[PDB]
Structure formats: structure tokens, C-alpha cells
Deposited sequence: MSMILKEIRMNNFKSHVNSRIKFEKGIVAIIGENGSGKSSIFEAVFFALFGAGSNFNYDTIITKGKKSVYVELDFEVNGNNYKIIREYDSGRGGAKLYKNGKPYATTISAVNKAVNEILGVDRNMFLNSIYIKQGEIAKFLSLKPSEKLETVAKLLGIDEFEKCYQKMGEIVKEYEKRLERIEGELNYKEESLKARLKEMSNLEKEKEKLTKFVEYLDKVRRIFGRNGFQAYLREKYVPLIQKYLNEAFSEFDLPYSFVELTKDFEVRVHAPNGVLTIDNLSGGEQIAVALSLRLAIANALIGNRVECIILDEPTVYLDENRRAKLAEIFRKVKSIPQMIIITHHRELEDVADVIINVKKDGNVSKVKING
């Protein structure tokens, strides 16, 4: 389930000693000089949604201060939630309202409530709503085989591989111990009791080893991983094709393979993103990233946040992406953070951020 952001109030959150930003649907541009406090705005949003995870409040509390307060009004499934998360000199606290009425009141409940509502862990969610600095540029830069890799990372594949490997550890540990035992099996009372128990341990470990190995395969490449691929690929390919129509790409059919290779079927070829022209390469890259976000949540994303989406792009490409932005319609609320003033011409609502001597200020114009 995807949310639509509505409003946030913050107290002593890094450079935002006292800010109150209201978001609207359509295309919102958050324009402000580098370091003016743009990104903090969202860290606070995510702080409001999941709170501390054990991290250090020294990182979000305004330097000098010893208390921070974030209040976020968002919307999931039409229902309007207000979540407040505060911290005052050691004493934490959090509460969650639903359509005006109290719903959760303890840090523990609120966290549980929030995850019950969104339907995904903090990471899955974060990747379905937040696109990091110049990601679309870094992507076109990766070698083809690295473009597959980051799709898998975004889907949480590597997550399971990482576990496949930890299980591997345990397996081997139990195997070397089965060697350390087999050897030991090859005063007189205890020597015999120990011998029996060494046999006993042998029966115990050779049993767990088999288990682990099976559950190790499930974390592996053709276990749950393959399953996840088999589940997302189709969804991504469906949204990839919607995007191609939306951003008006001259191809009637885009395919995503299990390995996550984007294949664009054209007249005389079955090309890859790298075969596309810079203009189209940008379009496809956004399409893919927007698709993944859809796949991570199930349906279509409500709100998508693009942090400095035009960062490592030349002057000509920045312009193309700007035009591609103008095409977006299928995403109720797209938030664009940037220092490029031009992008304002692509927004329905603009929010200006300007640091005033280590104190972020927010004004609405355009």
C-alpha cells in the first residue's frame, strides 16, 4: 500500500528549527540552494513514519537543542493519518491518529501500527517512495550487467543471498565440528559417558546440517529468490509498458527478463537501454525505476519522491528529463527536490527552501 503525503511540521530537526511544509498532489518541486535543508524535510518525514531504529538523536536534533518534534499528516487508502513522534531530553514518545481519532499511543504500538498499515518493512517502503540523488544518472552509467544488479538490490534479492551465505557459515561450522567429533570418536567411566555423548552430538549435528542445507537452498538463487523474480518481473513489465506509452516512447513492447534485463523490442532489433539514445535512455531509466517502486508495494505508487533527479546529467539531458517530467500523469504526487530553478516550470506547486544562517526557511511561490 502506497501513501500520499499531505503535510509535515517540524521542530528542531537539523536545520529546521521551526518549519511547516504542506504538500499537494500533482508535481511538487522543492527548490533551494545546496545545503539549504531540502533533504532534511524528508528524513523527518521518514523519521515520523518509523522513528528511531539503535540510532542517535544527536543526528536529528538541532545543534544547541535537546529536543526534536516531527508531526506528519499522510494518507493511506483514503484514510487520513496524523503521526507524531517526539524526543525530549531522553524521554521518547509517539502517537498515531486515524481520521481524527486516536489509534496508537505508544512508540511500540505506533511502529507496529505503521507497519500494519503500509504493508512493508522500512526499506521496502523507502525504496517504493524515495529515489536517491542522481540515481537515474548513476544507472545509465552502470555497465549493462550492473543495471541488472541494482534492480535485484532494489527488489531485496541480495537480501536473501546474504542469508544464503550466513546459513552457509553455520553449515560449515557444523561440518568441521562433525570432523572434530568423528576424530574424537576414534576416569574410564567418564571417558565412556563422553564417548556416548560425542555420538549423541554427532546425531544432533548431522540432523541440523541437513535442515540448514534445505533452508539454505530456499534463501538461494533458485529458492525464494527465483520466486521473487517470478513475482516481480511480470508486474515490472506491465508498468514498463504503461510508462512507454506515457512518456511516449516509439516502442509497442518492452520486456523484462528474469535476470531483470530491460529488452526493448524495436523494428530491427531487441536492444538494451545502452543501445538507446540519451534522451530515450533517460526515459526508460525513469520508467524502470518507477516500475520497481510499483512492484515493491503491489499496486501503483501514490507518492514518489525524486531527490535531485538531474544531478550528473549534462545540460541537454537535464532538459530531456525535465520534459519527461511534464508527461507524468499516472503518479498522483511526484515530489522533485533540486537546486535547478528551471525545473519549477514543470511543477504545479513549488516550495522554496533557503538556509538563513543555519536555520532553514520555507516559502511557497511560483
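Going by the record, the unmodelled stretches of the deposited sequence, in order, are 54, 188-191.
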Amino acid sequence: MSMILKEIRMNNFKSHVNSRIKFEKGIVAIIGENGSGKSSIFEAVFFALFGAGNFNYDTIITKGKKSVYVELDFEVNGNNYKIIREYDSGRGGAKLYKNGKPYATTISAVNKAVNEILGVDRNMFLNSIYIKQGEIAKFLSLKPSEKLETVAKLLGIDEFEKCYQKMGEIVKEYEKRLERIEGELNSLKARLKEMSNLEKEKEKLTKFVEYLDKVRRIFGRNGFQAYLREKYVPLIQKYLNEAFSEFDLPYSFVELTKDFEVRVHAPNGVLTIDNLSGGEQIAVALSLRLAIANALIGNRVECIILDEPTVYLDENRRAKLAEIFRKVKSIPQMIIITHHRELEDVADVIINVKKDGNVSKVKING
From here on, numbers count along this sequence of modelled residues.
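Think of the rigid core as the biggest set of C-alphas that the two forms share within 1.5 Å after superposition.
In 4 other deposited structures of this protein, superposed by the rigid core, the C-alpha atoms of 171-179 lie farther from the shown form than the other of 171-179 and 90-98. The higher RMS C-alpha distance to the shown form in 4 other deposited structures of this protein, out of 332-340 and 54-62, belongs to 54-62, with every structure fitted on the core. Of the two segments, 96-104 and 260-268, the one listed with the higher mean B-factor is 96-104 (C-alpha atoms only). Of the two segments examined, 201-209 and 280-288, it is 201-209 that shows the higher average Cα temperature factor in the deposited entry.
By the numbers in the PDB entry, the CA B factor is greatest at 187 among 187, 145, 225, 245. The residue among 341, 66, 38, 327 whose C-alpha atom has the highest B-factor in the PDB entry is 66. Among the modelled residues of its chain, residue 231 has a C-alpha B-factor that falls in the lowest third according to the deposited record. In the deposited entry, the Cα temperature factor of residue 32 sits in the middle third of values across the chain's modelled residues. When all modelled residues of the chain are sorted by CA temperature factor, residue 119 is found within the highest third. In the deposited entry, the Cα temperature factor of residue 241 places it in the lowest third of its chain's modelled residues. Residue 301: CA B factor in the highest third of modelled residues in this chain (values from the PDB entry).
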